[PDB]
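*Asks:* Everything below, folded, please.
(3 chains)
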Amino acid sequence: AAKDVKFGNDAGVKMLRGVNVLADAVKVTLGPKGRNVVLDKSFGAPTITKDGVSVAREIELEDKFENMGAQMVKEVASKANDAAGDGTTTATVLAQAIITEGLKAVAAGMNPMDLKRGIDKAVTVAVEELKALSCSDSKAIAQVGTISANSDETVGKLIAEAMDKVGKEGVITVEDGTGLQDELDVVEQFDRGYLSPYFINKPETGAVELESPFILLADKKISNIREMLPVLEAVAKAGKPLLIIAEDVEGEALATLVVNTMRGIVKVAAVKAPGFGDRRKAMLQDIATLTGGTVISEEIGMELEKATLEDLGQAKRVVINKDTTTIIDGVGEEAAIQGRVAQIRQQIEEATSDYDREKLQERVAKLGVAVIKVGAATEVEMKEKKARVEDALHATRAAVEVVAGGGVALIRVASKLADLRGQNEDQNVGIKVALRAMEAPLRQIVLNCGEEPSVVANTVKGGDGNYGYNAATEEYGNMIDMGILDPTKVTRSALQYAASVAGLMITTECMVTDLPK
Amino acid sequence: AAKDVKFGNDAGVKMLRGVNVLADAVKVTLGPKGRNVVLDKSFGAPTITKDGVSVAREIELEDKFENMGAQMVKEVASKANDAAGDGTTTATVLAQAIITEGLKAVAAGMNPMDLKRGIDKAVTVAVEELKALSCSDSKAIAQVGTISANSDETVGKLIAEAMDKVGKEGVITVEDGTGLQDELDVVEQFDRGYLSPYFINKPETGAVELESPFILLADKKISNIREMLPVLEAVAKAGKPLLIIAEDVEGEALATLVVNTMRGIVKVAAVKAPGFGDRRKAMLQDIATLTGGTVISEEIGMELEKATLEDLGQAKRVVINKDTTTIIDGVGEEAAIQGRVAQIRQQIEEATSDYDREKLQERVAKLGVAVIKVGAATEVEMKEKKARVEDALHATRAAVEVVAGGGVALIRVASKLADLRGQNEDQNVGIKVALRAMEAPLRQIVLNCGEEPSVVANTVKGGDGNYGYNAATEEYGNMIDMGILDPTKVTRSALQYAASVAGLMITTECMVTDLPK
Amino acid sequence: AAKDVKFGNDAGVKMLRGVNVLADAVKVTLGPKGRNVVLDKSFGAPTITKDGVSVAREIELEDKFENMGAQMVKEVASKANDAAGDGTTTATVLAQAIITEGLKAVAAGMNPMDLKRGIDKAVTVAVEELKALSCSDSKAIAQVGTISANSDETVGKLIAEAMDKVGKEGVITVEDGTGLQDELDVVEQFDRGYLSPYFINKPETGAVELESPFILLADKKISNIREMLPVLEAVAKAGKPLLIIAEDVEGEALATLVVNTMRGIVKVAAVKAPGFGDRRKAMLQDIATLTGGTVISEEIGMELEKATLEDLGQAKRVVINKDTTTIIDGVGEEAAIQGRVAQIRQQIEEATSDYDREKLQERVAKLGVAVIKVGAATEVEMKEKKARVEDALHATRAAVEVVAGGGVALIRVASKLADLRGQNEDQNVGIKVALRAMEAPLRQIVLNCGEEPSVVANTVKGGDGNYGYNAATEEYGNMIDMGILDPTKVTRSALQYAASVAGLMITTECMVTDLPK
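*Replies:* Numbers count the residues shown, from 1 in each chain, chains lettered A, B, ... in the order given. Pasting the structure now:
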């Protein structure tokens, strides 16, 4: 359709307004004194939140261009959430700060490209400086978990031990307990999410759950639909849920499965094979050995139509997040899986490239799941405990993949980079833009407290090291001694993502959108 | 869709107007001199009420933001109604008073967080002070019941004895009498309501009633629909009504059942299993023993499809309120149920944690229903008597879960807390905001009488103890001697819920809603 | 949807306008000199009436609030019509008068509650005073009947004898004659109307007529539809009409029957069982004995599906009014019915409570119908005679359940209550409001004549006793000697209903309605 095009400054103003609308709505929920935000529910009473992520999801503007700006900075929160699993609001306040001052410098005549270069330089030097000041050990892992579950020491300990058993990389799932106590057991996960939403049968978690499903392993991309019908019929009996782990399921057959899940029971859930090219099919073999199935390869491609339930692997349970699929308890234990492990473990011995050995080591490391059965007290208490552990786990994993909290770490880092220079004046301005934005988080936390940000900032900048401002007690002191910590992971992730999106927007010279007319 | 966002004061004004529209409409019906409110019926003559709850349900505003405020304070009434079962209008007048003065203090510059803290402190000290001045014994239980049934001593006595027989926790139901007199008999209830409305075949009571229904007990969450079809067909003969007490019925299979109840007879009604985790399935076993059925567990999950009518328990009648399900007269009396009781009663002896014993004690306490057959006079008189006992019972249960009425209790409590202070000025203001709101109920009762609230309030505050103002006779005197009492339960519940919702609104800094454009 | 709320005066004005629009339109048809009102027919020539009830039914206003007021006062006419069966226009003029002056006093500052109390006091003292001045005997019954049939002495006599044969409580029906003369015969009725309209196959009478229908007697509430299908099929042959006298037919199965009556022949008509609780089912047994059927009780509930035509009672004819169902000529005469009478007649001997004996006496009194075959002259004359007797009967029954007419009775009553006082000034004002309204009827009758109401009123108030104004001859004199009488029943009913609705409106402080926007 007819488009609307805006260049330079005209496009810059529309972007700035859009980011301000989103950022302002989000930033009010920062810190222990974060204010509430009312999100109008389609039906019933409105939602009350202090959670930034929840607020951002609702932000969409009428002005096509402003909305573009809001959707661009919304990428900061989502990316930081996907990486660190926390600190999205901090990322949003940092992004806005860099964009605000960045665009103002552009309007002043500064070179967009130079500005970006200066900002990027400040961020690289900042992250390394952040490392110097610095969630690896179980002490920290247990400390983060408890914090994520309202100081519940029980939950933090369960997570720490869970990660200590299967490694801070292994698959971990939370299940219901069987009469009090807290159980932990490894009962025999790849980076692939559902090819399309809607498969999400549990909207609250944004994940797909399948109980005792069959797993169709294919080495080709499904698009034909029709030749899949005979396999679907076979799965329609007993094991209702079906998990398709093919090379890829094209929009053709994929759209058919999506339309079939609606109304027609649980049906099927589709994801793509882990890895690519050569290692893709060898990786599929590992899944086949776990689940006890047969991979329908190129030559067996004709067989895709006459694939019996014997060729379909099976598992006790499977959970598919946005970008992670975990197969819990596969059917083909010991003998099969262990023999597979013996082969690959012998592959590393066949010394070739150091690369191969690393990749093969990842495979043997993958071939079980560690289930955490929660404290089964009464009935409702067990449901809450599971809700606590579930959220606390998710937050700890992101925290794993500490520095003084309250935004003092970034301020302390900015003080060190005061002499940082670039190749020119514009690059120097960009550097200072980044350093001024590193004060934004603390200033916003203080602003929400009802105190003057300029004063508190000045005082903390006057202090040294872990000297910061406790927004909870309205008192200054040693942040770490007061227990106000931030994983170095969430802090650097928030800064890096804020700077990348901000860098893109500052480098933008033209915007195109469908005309309202 | 595109949203509309408002911050601070802009959002505060919209909220205040919304709460004022709801509160003002509701508060006119407070006390013995409560005014009428006309609710326009879609068809026929408009509804005339002095019942606050009925009025609030109709309140919905055009301005998206104002409506948000109205729906927020509407939560006070609903929560207080769910807890105390009375005093919703009092709760609404208290909420408005706290919100009005709270937001005004915010606009004046006060710190929202500090204000909330002061209010909360005043409420905690107030409730304990309220306890000092203080529906446990049967005297009070019988006194409340009569009051709920227009001074009908007959009804109050039936309820008092009913609660004395199965305990003020046990299940009680009202049925039709068999030729005059008033019968009471325990004929062999968990906190779970219908997973979705529409199942409510009796709109007047807001509950679901099933006569001689089959009870499908499952230990897994239903979502497949299809595998439920064979069981539904079996129930389609003889025992038309079906009650599904599964771990949970997901929106998939749930939505199918909801669409099937419409037009297709009574069909099925769904609720979730009592408790959670470990005790959930042990609790299901107790229901299975009562109804004489078999619980379809994890392993028996495949059997869910081939579950015969022999596995389905059965009862004489079942009533499902918003948050309570009561199974009246199960089929499997004596032997089965009594043996089950013997096991659990022997579990408490096996001393482990004091916790377990408490939970196990709750189970043995649960394993009958006490039916109240009303005074069967003529025909229509019996219908009214049942209507009286039914409402009087509901109000008494909430009253169970006394202080001077006429809003004098809260005023007397506020006088004691005159020296209450906080950590700062803002916290002191919040405290006073709460104390000024404690006069609202009496002032509103007097306002409806046509008398000057400031004068009557001043006079009662000048008195001592139970000295209050009788709004019915327009005379001052000892409230308790005049028979104007209020259950301490309804009073503290009204104050606590008013303060919580008010605390949230005062802490709100941003509102988001779908744009009208 | 979004609502519109109005308080106090704002709501009072909207109500007053609405009542004025309805009352003014209605009151022009009062008395012998009543003016005509044109009611626009959807198709064809407009309706011309001097009948107030017909006019009121058409009144509906655009302004949501004003319409609420009109629909509220419309309740006066309908209630008085249901009780006295006449005097609706008088009731409407009384209501308007009380509401007009009542609301004006409220706006003046008077206390709404006090006002209501004064009005109520004036009405109670007025009705007893009305009794002192006072359709029991057959003389009056015959006098009212003739008056209702245009002075046709024939009709008045038939009704008087009909009521003398089965009592002024017994069931009476009008049928076509068989060759001149006027027959009267008792050929072997409960307070229950059709559960839903639409069943009304005769719109002109607002009643349902069934010829030789089967009667399904059930002791449970039907809602299942499906289990009723087999019984409906059995009735689909021969005896097309079906009458369901169950405990109650819930909206589920009820809505299905309503949709089936449309297009699908006469089908079924549903009503609920007479009485409630214990006496409900004993009362059903009495109907079963009359019609010669079997009552499907609780235990026989399963049999509801396999209920043969043998279990269905049968009658010659059945008529279901708004609130009355009459079974004409049941099949099971003498032996069956007489034996049933012997049991209950022996129940009264078993002296227990005086209450039981009264209720049992009502049952034996109920166990026939008195048919009135009209003067069969030519063909068309017989149709008119039946139309006369039918209307004259209906009016006489209401008249049974005399004082000077022309509104002089109420004026004479108001003169006596001139010294009536209350507990305060506001209560005294309310009293006077009621006394001034008692002149409204006469003033309106005179106003329609074209004469000055203030003058005629003054003159009648100057007279004594039955001294009144004959609006027909435009002459003063003794009302009773002139034959202008009013049943004390219609007069007190008109006043009481006018005062009750007026009391509610004056006590109204808030109105809520769906927003036009």
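*Asks:* which one is whichever residue of chain A sits closest to chain B nearest to, not counting chain neighbours?
*Replies:* Proximity to chain B, evaluated over chain A using Cβ to the nearest Cβ, is greatest for residue A:379 at 2.1 Å. Heads up, the C-betas are built off the backbone N, CA and C, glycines and all. If you skip the residues right next to it in sequence, residue A:379 has residue B:275 as its closest partner in space, 2.1 Å away by Cβ to Cβ, 6 or more residues apart in numbering or on different chains.
*Asks:* re the thing from before, the residue of chain A closest to chain B and residue B:303, how far apart?
*Replies:* According to Cβ to Cβ, to the nearest Å, residue A:379 stands 24 Å off from residue B:303.
*Asks:* quick one: which of the two has more around it?
*Replies:* For residue A:379 versus residue B:303, the count of surrounding residues by other Cβ atoms under 10 Å in any protein chain shown is larger for residue A:379: 22 against 14.
*Asks:* secondary structure element for the nearest residue to residue A:138 once chain neighbours are set aside?
*Replies:* Across the structure, with Cβ to Cβ, 6+ apart as the measure, the residue nearest residue A:138 apart from its sequence neighbours is residue A:160 (4.7 Å). Under the criterion of DSSP states H and E, residue A:160 resides in helix A:153-166.
*Asks:* Quick one: list the elements packing against that helix.
*Replies:* With contacts defined as 3 or more Cβ pairs under 8 Å, 6 or more residues apart in numbering or on different chains; DSSP states H and E, the secondary structure elements packing on helix A:153-166 are helix A:138-148, strand A:171-175, strand A:183-186, strand A:369-373, helix A:380-400.
*Asks:* Am I right that residue A:188 falls within a helix?
*Replies:* No: in this structure, residue A:188 is coil, not part of a helix, as judged by DSSP: H, G, I helix; E, B strand; the rest coil.
*Asks:* and it, how many neighbours?
*Replies:* Residue A:188 has 17 neighbours, counted by other Cβ under 10 Å.
*Asks:* Tell me which residues touch it, please.
*Replies:* With contacts taken as Cβ atoms under 8 Å, 6 or more residues apart in numbering or on different chains, residue A:188 has the following neighbours: A:290, A:329, A:330, A:333, A:337, A:368, A:369.
*Asks:* Contacts only, for residue A:180.
*Replies:* For residue A:180, the set of contacting residues under the criterion of Cβ under 8 Å, 6+ apart consists of A:375, A:376, A:377, B:278, B:353, B:355, B:356.
*Asks:* Can you flag the buried ones in those?
*Replies:* Buried positions within these, assessed by neighbour count (16 or more other Cβ atoms under 10 Å in any protein chain shown), are A:375, A:376, A:377, B:278, B:356.
*Asks:* Out of those residues, which are close to chain C?
*Replies:* Restricting the buried ones among the contacts of residue A:180 to those near chain C by Cβ under 8 Å from any Cβ of the partner chain leaves nothing, as none qualifies.
*Asks:* now, the most widely separated pair of those?
*Replies:* Farthest pair in these (Cβ to Cβ) is A:375 and B:356. Separation: 12.3 Å.
*Asks:* Residue A:257 and residue A:249 touch, don't they?
*Replies:* Yes: contact status for residue A:257 versus residue A:249: in contact at 7.4 Å, counting by Cβ atoms under 8 Å.
*Asks:* any shared contact partners between the two?
*Replies:* residue A:270.
*Asks:* Just send the helices and strands packed on helix A:153-166 back as TSV, with distance to residue A:472 and mean neighbour count too.
*Replies:* Listed next are the helices and strands packed on helix A:153-166 as TSV, based on distance: least, Cβ to Cβ, whole Å; neighbours: other Cβ atoms under 10 Å in any protein chain shown:
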stretch	distance to residue A:472	mean neighbour count
helix A:138-148	13	21
strand A:171-175	29	20
strand A:183-186	33	15
strand A:369-373	30	21
helix A:380-400	19	21
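*Asks:* Turn the ones you listed into JSON lines, columns for distance to residue C:25.
*Replies:* Putting these into JSON lines (distance: least, Cβ to Cβ, whole Å) gives the following:
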{"stretch": "helix A:138-148", "distance to residue C:25": "71"}
{"stretch": "strand A:171-175", "distance to residue C:25": "71"}
{"stretch": "strand A:183-186", "distance to residue C:25": "79"}
{"stretch": "strand A:369-373", "distance to residue C:25": "76"}
{"stretch": "helix A:380-400", "distance to residue C:25": "62"}
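*Asks:* sorry, back to before: of the contacts of residue A:188, closest to chain C?
*Replies:* In terms of Cβ to the nearest Cβ, no member of the contacts of residue A:188 lies closer to chain C than residue A:329, at 44.4 Å.
*Asks:* Please say whether there is contact between the helix or strand that contains that closest one and chain B.
*Replies:* Using DSSP H and E, residue A:329 sits within strand A:325-330. No: judged by Cβ under 8 Å from any Cβ, strand A:325-330 and chain B are separated, with a smallest distance of 12.8 Å.
*Asks:* For the residue nearest the centre of chain A, which residues are in contact?
*Replies:* Relative to the mean C-alpha position of chain A, the nearest C-alpha, by Cα atoms, centre = their mean, is the one of residue A:82, at 1.5 Å. For residue A:82, the contacting residues are A:322, A:323, taking Cβ under 8 Å, 6+ apart as the criterion.
*Asks:* Correct me if wrong: residue A:295 contacts residue A:282.
*Replies:* No: distance between residue A:295 and residue A:282: 10.0 Å, which falls outside the contact criterion (Cβ under 8 Å).
*Asks:* Compare those two (neighbour count), which wins?
*Replies:* The residue with the greater number of neighbours, taking residue A:295 and residue A:282 and applying other Cβ under 10 Å, is residue A:295; the counts read 22 against 16.
*Asks:* how close does that one sit to residue A:370?
*Replies:* Looking at residue A:295 against residue A:370, where the rule is Cβ to Cβ, the gap reads 26 Å.
*Asks:* what sits against the closest residue to chain C within chain A?
*Replies:* Of all residues in chain A, residue A:43 sits closest to chain C, with a separation of 12.7 Å (Cβ to the nearest Cβ). Going by Cβ under 8 Å, 6+ apart, residue A:43 touches no other residue.
*Asks:* looking at this, it is in a strand?
*Replies:* No: if the criterion is three-state DSSP, then residue A:43 is coil and not within a strand.
*Asks:* count of residues packed around residue A:453?
*Replies:* Around residue A:453 there are 17 other residues, counting by other Cβ under 10 Å.
*Asks:* the strands in the stretch 1-150 of chain A, which residues?
*Replies:* Shown for the stretch 1-150 of chain A, the strands assigned by DSSP state E, counting those that start in this stretch span residues A:3-7, A:36-39, A:47-49.
*Asks:* Go through the ones you listed and pick out the most buried.
*Replies:* The highest mean neighbour count among the strands of the stretch 1-150 of chain A, using mean count of other Cβ atoms under 10 Å in any protein chain shown, belongs to strand A:36-39: a mean of 24.
*Asks:* Which elements pack onto that one?
*Replies:* Other helices and strands packing on strand A:36-39, by 3+ Cβ pairs under 8 Å, 6+ apart, are strand A:47-49, helix A:52-58, strand B:508-514.
*Asks:* Could you tell me which strands sit next to the longest strand along chain A in the sheet, and their orientation?
*Replies:* With residue count as the measure and DSSP state E as the assignment, chain A has strand A:313-320 as its longest strand. The pairing partners recorded for strand A:313-320 under DSSP bridges are strand A:208-211 (antiparallel), strand A:214-217 (antiparallel), strand A:325-330 (antiparallel).
*Asks:* got CSV for those strands, with mean neighbour count too?
*Replies:* Supplementary listing: those in CSV, determined by neighbours: other Cβ atoms under 10 Å in any protein chain shown:
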stretch, mean neighbour count
strand A:208-211, 22
strand A:214-217, 25
strand A:325-330, 23
